[PDB]
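Starting off, we have a lone chain in the form deposited in one PDB entry, written out as structure tokens.
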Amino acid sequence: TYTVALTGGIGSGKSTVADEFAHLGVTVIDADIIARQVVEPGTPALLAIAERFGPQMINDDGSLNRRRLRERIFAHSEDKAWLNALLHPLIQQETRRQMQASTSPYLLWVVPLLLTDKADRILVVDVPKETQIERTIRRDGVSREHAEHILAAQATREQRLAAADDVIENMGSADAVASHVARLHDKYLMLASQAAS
């Protein structure tokens, strides 16, 4: 099934762009969003996390208290391995369930890392480094110090652009951005049909 890899540095707007493709009928696969769904209120994985570390891991609205989980993980690196063993298999299953359950002409695979050989096409969401730094501050509420260092750990802008088949500058007017997404959608639709034959 035709697959487009969506990638881009932190704060470039991957989620907003993927959400626009989603409103066009495209199946989006994002393990970051699936990981938060397998521990949503009432799920077995959240119960297990609470059974293990205590009810304080569940906040007033029945959702995971990620502050206390971070602290626990930070104080006991052994719990990260158990958390992985718990969640990783649930993310794999829910990833395949969404693939197998897709009737869309093509599939959008959100992948922050770059896994460039697994997809039929690579779409890079790009913005200037400064824009990356600010949009991180207001989206996550973190500090810039932490933002610069998160950005240092990732691939460089030139690296992403060099591996891209298509690029979308998530800057300027949203309408223009959404229009560019629609044009790419039409392109990918055609590449999917071509591939089918």
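Numbering starts at 1 and follows the sequence shown.
Per the record, residue 108 and residue 109 are directly connected, as no deposited residue between them is missing from the model.
Set 73-81 against 96-104 and average the Cα temperature factors; 96-104 ends up higher. Comparing the deposited coordinates for 143-151 and 32-40, the stretch with the larger average C-alpha B-factor is 143-151. Out of 45, 137, 168, 64, it is 137 whose C-alpha atom has the highest B-factor in the PDB entry. Among the modelled residues of the chain, residue 6 sits in the lowest third by CA temperature factor in this PDB entry. When the modelled residues of the chain are ordered by their C-alpha B factor, residue 87 lands in the middle third. Sort the chain's modelled residues by C-alpha temperature factor and residue 162 lands in the middle third, per the entry. Per-chain ranking of the deposited C-alpha B factor places residue 26 in the middle third.
What comes next is about the form deposited in another entry, which is not displayed.
Of the two rigid parts that describe the chain's movement between the shown form and the other one, one contains residue 126 and the other contains residue 69. By 3 Å or more, the C-alpha separation between residue 38 and residue 23 grows in the other form relative to the form shown here. Relative to what is shown, residue 87 and residue 120 are closer in the other form; their C-alpha atoms differ in spacing by at least 3 Å.
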